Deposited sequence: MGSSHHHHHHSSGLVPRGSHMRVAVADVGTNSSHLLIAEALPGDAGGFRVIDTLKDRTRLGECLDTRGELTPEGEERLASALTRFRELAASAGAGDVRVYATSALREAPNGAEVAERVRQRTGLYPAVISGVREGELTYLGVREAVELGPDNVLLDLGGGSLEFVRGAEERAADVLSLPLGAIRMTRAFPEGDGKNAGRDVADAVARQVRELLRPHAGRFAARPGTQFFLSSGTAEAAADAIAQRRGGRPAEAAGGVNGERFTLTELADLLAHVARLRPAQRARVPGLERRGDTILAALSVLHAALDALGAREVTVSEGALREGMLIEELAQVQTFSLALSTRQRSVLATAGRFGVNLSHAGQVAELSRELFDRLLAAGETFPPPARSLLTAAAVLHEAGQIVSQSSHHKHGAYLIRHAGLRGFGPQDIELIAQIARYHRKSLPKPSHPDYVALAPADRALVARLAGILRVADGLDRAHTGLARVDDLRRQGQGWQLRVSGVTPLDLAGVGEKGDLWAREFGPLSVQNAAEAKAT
């Protein structure tokens, strides 16, 4: 069964999940392995918010450990999403490309809203959600608020209220009440930024509140040990633990009275003494402003959401395919290709093909089928079932197109298709290269919004793309330009 590796790069730490899909095409997975790396990019940002070469080194090291664990488990490629620290760094795009060059993995920045939607799915995989749920996810950089029902987020708000960010924003003095003063000021900042949107996430009869990520997990462990319990490692973690806003307030008042070095010795807060005071003030102030009385902590988060969405995309693509095209996908899988990438390239290829047809481009009847198959097979190294021998030669020549044919036209075994077929191969290859460029970062997120004639050329509007995707289209769209005319890409 399919083995998949997903990872997220946050502000305090990075996380990897390796899992195997469950039989029945039902969108489920079994966990194989998990890893956390204390990357702490938020402590590697200069005054303008740029990630330093030290943070780049810590990023590359995390992604190298991740890539080795995935390879060690047969997972193959690792999809990597990145949140607040890379998102906000003026040099974020340049840093992500440099890290790809050093590790092979590309940390693709996602929006706060998509971060929230995916985190909620991970929470859904770990704890019991009801008809009306509010999730708070506090990281080092940002705080997401998410409201939804039993299956997915309906509303997401992202605010710059992260724990690292707030610790650095409100430097602590050395007085007796210096801790309380930090806690009060952080809470005022929380209310100031949350007041205009709080109604969207406020408690109503029956609302359940949930918390994810490291601060909340540390708070749950520390609160349970204050109730008389053992360290969270017994009971298998803190997943599904509940605590009250009163227990949180009491933990916060205790932390506030201690100096930073004593905070590291509070049970359950041992690995978070430096940011924990501001982090607990954020959670208390935000929950209090929404009227929450009790929370449930979830160990599921962003990486579990990425896995669900990836399996969902793959299995939805596979389900709607014809029997013949499904056998191509199974063949490609046996060739060890990445099925998430192949499905996305084929869906993007169909989208571009269909718009060209709408704008009056002419194609022969089997063109869409040939393009789909070559899109699924494009990364099979072995090959450079419902298809006749001509169609399979066409597919192979589309999948491995080059301007200089590896075998010279005079070389024995050179395969010279008829002129109409030569023309078809290049046009469809030109589409396939543009689609491949749109999933260069392996995010599965790109979408075609519009494709229109622009003089003797074309204008393409896309969403869900990274800087790496946009550059891929520029580099690989030369063939499109030679066959369809100049192509400009937007958004």
*So which bits of the deposited sequence did not make it into the model?*
1-19, 404-421, 529-535
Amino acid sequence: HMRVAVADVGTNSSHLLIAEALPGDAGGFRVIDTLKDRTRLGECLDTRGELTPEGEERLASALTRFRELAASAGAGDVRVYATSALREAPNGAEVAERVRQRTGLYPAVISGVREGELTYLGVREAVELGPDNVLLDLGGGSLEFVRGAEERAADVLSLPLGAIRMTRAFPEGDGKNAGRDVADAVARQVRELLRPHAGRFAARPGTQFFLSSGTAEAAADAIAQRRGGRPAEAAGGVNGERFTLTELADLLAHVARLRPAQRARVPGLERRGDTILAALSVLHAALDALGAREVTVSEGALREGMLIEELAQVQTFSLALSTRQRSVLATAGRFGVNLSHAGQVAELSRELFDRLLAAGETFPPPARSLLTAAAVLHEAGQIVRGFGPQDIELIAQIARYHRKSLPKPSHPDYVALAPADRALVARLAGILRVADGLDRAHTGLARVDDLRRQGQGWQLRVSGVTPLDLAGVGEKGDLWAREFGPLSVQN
From here on, numbers count along this sequence of modelled residues.
_As a check of understanding, is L321 unmodelled in at least a third of the other compared entries that model its flanking residues?_
yes
*As stated in the PDB record, which stretch has the larger average Cα B-factor, 223-231 or 406-414?*
406-414
*When the C-alpha temperature factors are averaged for each of 358-366 and 275-283, which stretch ends up with the higher value in the entry?*
358-366
*asked:* Take the CA temperature factors straight from the PDB entry and tell me which of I110, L252, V337, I164 peaks.
replied: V337
*If you check the C-alpha B-factor for each of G116, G139, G333, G305 in the entry, which is highest?*
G333
*Could you look up the Cα B-factor of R326 in the entry and say which third of the chain it sits in: lowest, middle or highest?*
highest
_Which third, lowest, middle or highest, does the C-alpha temperature factor of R195 belong to within its own chain?_
lowest
_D184 CA temperature factor, ranked by third within the chain_ = lowest
_Ranked C-alpha temperature factor of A446 among modelled chain residues, by third_ = middle
*Sorting the chain's CA B-factors, does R350 end up in the lowest, middle or highest third?*
middle
